[PDB]
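In structure tokens, one chain follows: the form solved without the ligand.
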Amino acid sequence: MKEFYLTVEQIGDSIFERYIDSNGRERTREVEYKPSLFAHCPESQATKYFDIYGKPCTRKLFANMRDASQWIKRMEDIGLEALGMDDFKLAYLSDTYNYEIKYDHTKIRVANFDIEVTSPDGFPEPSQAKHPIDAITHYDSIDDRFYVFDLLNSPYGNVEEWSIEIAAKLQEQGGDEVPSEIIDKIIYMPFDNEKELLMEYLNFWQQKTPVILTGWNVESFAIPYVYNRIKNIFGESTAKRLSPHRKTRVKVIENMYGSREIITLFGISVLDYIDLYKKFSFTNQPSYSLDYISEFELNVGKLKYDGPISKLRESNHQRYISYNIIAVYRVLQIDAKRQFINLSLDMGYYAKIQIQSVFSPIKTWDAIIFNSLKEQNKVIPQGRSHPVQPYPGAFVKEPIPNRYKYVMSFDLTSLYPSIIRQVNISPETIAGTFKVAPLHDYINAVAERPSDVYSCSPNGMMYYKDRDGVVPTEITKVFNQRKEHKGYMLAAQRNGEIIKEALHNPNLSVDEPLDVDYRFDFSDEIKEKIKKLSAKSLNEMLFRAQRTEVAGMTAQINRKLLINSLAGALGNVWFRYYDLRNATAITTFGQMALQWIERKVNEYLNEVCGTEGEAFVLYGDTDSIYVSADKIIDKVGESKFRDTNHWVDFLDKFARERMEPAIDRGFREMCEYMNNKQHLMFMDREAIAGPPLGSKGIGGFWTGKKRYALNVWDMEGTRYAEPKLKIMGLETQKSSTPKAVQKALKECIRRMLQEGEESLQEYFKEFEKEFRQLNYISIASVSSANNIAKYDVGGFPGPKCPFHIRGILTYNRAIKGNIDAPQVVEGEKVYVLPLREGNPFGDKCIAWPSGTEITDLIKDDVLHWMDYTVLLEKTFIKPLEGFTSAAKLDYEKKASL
């Protein structure tokens, strides 16, 4: 096997690299790297180096890395360009690994942990860390073992050792229910006093120093606390042992009075899972407590205990230690399903960057292009300073707010990455400019042809057609990877619906789940055996098919997110290849591509229907159009269709056979008209929406831009077993909206599109009657807590203070005195509830941290004054009024006249 690195850092003029050799063992080294930088030189001088624009460069090899740093400083005030990779560690990895890396994750020591700290004077701040650490659970990837460290004696209580026998027992039995699969993998370690626990953990840390370190909030709590408590006990230099190189940095955050810090251990790539999640999950959550996320991702129970958390050890020490392990493990379950760690490594290595650098797409693309160019002996241009500027983006069409019965959408395959490829947009493929006609003259094909030599964009930019640019070439590779993983995801999706269609009639047999590969569609062979399967074996097959989908999803969505970020990065000033001329060239083309095809599709469906100038494209957004199919089903008659599925198959066949060839005819012409490099505007059909055949439902509606819902039967190949709702932008998809309300409105949309006006009315009074009996947390609103510092004038709402902050400033006065109350963290998310006028809180609403039940001392007083009539009108009624008024419907039958 080939060699690969694990972690890379720079300390002085020396690079510290932990790696895996050709045999497959862990080795650490220290190299006096000699970095080379570049500068422009005389025309007539034979050398093998050129900058990206083609101009020659002379190589300056430096004796050490300070000499290379010094050199750039001098080059600046003198006024010359210092070309080459100035982030030197990357230039080390590009040399020491001149090939495409193939890592073996089993060799990479991934470790994730969590600690527990008992604090009876408030929330234990990691910066002070004046309280004892009374637990640590620390998993290892190569050991496959849970290393539990239990403190039995502390000046906050002395507790009997943790029973592994009780731990295994079920919750309902009196136990803690630690999943039996890991129970044999726990290696329990209790301790006499605090100091001797920490000493052992460090030896273990040395013997088994992590390469990837993770967990839940480990960066903002665990690591900060571990380091700081050791600083208070063993010293700073003994705490510096957490880095396998001894070097560590401390970053302190603001903050008027409150001090929070983030520690940087050199030689360990830290990826905090909470970060990973927000970045790669594509879910905006109400709460980011480990409990809530596990509930959401794994449908597992919630960690139930009595008393505040600061007193849990005292009473239920058994559950305290047990729950600690579960936490450490729950993350591992989230990753087995989500596979973000795998993604971090897939990306990190392909880019040749520190693994924690995957959070930065600019740092990612800078390494990808540098390595792309270096093999061609080209030299990267120096990073410049730019003023921040707004620039035009995507075109969004204004729809007529209305119901729409039959709808087919048509979407562009990875649009912005495609335009880069079609036009050949790169920093070095720029030719010049041209006279820009109104965008509309290009949309209507009436303006003069921009170029007969160059590839052009309606933002007035010409690009070379001869040899490929470095960006289009680099984005293609990653787009191809993205694609492969999507074709997987889509199968596991299609195969999910084959299991669900068959689950209609499950057999009362005793059979077992077939061993099949879910990334590829079931053959009409395996399909037939599924139709004979037990309900037991069908549901287990469905799980497997869905987990495959998730895993596939993660791969394809974040590879997408990555390449889209490159397009966006051209608009961020810190990106080495920042160029508004290029970013606008993309977006502007996008605007033309959509509005051009809006014309073309309308022009076709008039020529097919023999009609003259009627509208069919009703709404468009960035890269997709929505086509009304009313006239199509009208022309063949509603009477003629056997079942709902029959007209779906008919529109399916129509869109693929009659439309797409005219759509691809239209995009080929636009290519000619723009004299582009390559035609890459592929628009296939996406969703097929409509009511159930012979039902009262309305199909779909629009309430305006970026807000609508659809009854979708087919979603780009996946024929759904049960009709599925596509809701975009409505309060059902907004995290701020209460869970009970999200659920309720979704049933309203469901009945609107599927069952008719009459159905809506019946359910509306069904809900209004159940509302006042529902749990507060479910019916409470959510919002982020930004700028709470500003609107606070020593308590009480300031000038123009937002509704939620107003609510928080209520909380602070209520918990004035109570230490056993959770503090509202700036940036964190909170629940918001409106009180009635005349309450012990002296305000119109209150707010408290998300996830957590509101502290005992005020909880009673909140429910004692909650304004349900307002909460219902605000969250539920007003948005539904929005839906029905834009759909020509009534939710509550008129009591008047």
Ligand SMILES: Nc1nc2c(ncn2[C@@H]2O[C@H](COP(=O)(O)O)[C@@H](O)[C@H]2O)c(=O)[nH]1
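Position 1 is the first residue in the sequence shown; the rest follow in order.
Just so it is clear, the following notes concern the form deposited with the ligand bound, a form of the same protein that is not shown.
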With the ligand left out of view, which of 239, 601, 380, 671 would have a heavy atom within 4.5 Å of it in the deposited bound form? 380
Taking the ligand in the deposited bound form as the reference, which of 805, 218, 407, 85 has a non-hydrogen atom within 4.5 Å? 85
Quick one: find which of 65-73, 865-873, 47-55, 840-848 has residues within 4.5 Å of the ligand in the deposited bound form by heavy atom distance. 47-55
Would you check, heavy atoms only and a 4.5 Å threshold, whether residue 349 touches the ligand in the deposited bound form? no
Consider residue 59 of the chain shown here, and say whether it contacts the ligand in the deposited bound form, taking contact as heavy atoms within 4.5 Å. yes
Does residue 627 reach the ligand in the deposited bound form, with heavy atoms at most 4.5 Å apart? no
Just checking whether residue 370 would be counted as a contact of the ligand in the deposited bound form - the rule being heavy atoms within 4.5 angstroms. yes
Can you tell me which bits of 32-52 touch the ligand in the deposited bound form, meaning any heavy atom within 4.5 Å? 33, 36, 38, 48, 49
